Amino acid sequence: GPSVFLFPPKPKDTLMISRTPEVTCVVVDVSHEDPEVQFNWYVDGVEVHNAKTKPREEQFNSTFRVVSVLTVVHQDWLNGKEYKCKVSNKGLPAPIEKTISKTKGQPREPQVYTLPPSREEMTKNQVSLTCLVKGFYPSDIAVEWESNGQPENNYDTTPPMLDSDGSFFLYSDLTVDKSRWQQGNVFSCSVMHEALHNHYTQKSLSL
């Protein structure tokens, strides 16, 4: 019958005041015969009631997927509270329960380095601006590129990857018209992470 997956909030959403983090409870394999799904949510054992239920999503294997979204308080999540989704459905012998909470372990501060494009790339029309973020723990992090206080269009950040020492690193690749780089514009890598002062730092790069 149905199965349940419980997902943590987006890293950026738990670190920034402008964002509202969410805990997401997904029920798959809901059969067309028993479509009513019931959610009960608990923060550290105490039932809460601010959850919302998305439009049901039909799937191509002839099943529904039903999703309940629970907004959480930033500091609750960062302090280690446990979030419990309990799912009831007539297609289940017993209700299913899943619990999620912040990843544990000694936090460690990202080191952020910006690297200009290789000289050998200078023959091309577009060049690559590189942000190396290493040494951090846990792996939840967010990395962006901006110029003149506005976010950039053409950049990609690799998923974090485990390093030798049990910390994580990643790279972010910003693709930029060589003209923009040559005029002298300043470009900025912004890193958001729970172990930074104010959850935020920024490093800049120009010619």
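Heads up: residue numbers just count along the shown sequence, starting at 1.
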- Can you tell me which stretch has the higher mean Cα B-factor, 69-77 or 123-131? 123-131
- Going by the entry, of stretches 3-11 and 197-205 the one with greater average Cα B-factor is 197-205
- Residue set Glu36, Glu146, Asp29, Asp140, per-entry CA B-factor max assigned to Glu146
- Max C-alpha B-factor within the set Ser167, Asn153, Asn40, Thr63 falls on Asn153
- Note on the structure: Chain-relative C-alpha B factor for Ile96 (record values, thirds): the middle
- Task: Select lowest, middle or highest to describe the third in which the CA B-factor of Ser190 falls within its chain in this entry.
- Result: middle
- Message: Looking at the temperature factor on the CA atom of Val46, which third of the chain's modelled residues does it land in?
- Response: highest
- Among all modelled residues of this chain, ranked by Cα B factor, put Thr53 in the bottom, middle or top third, i.e. lowest, middle or highest. lowest
- Item | Relative C-alpha B-factor of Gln59, binned into the chain's lowest, middle or highest third | middle
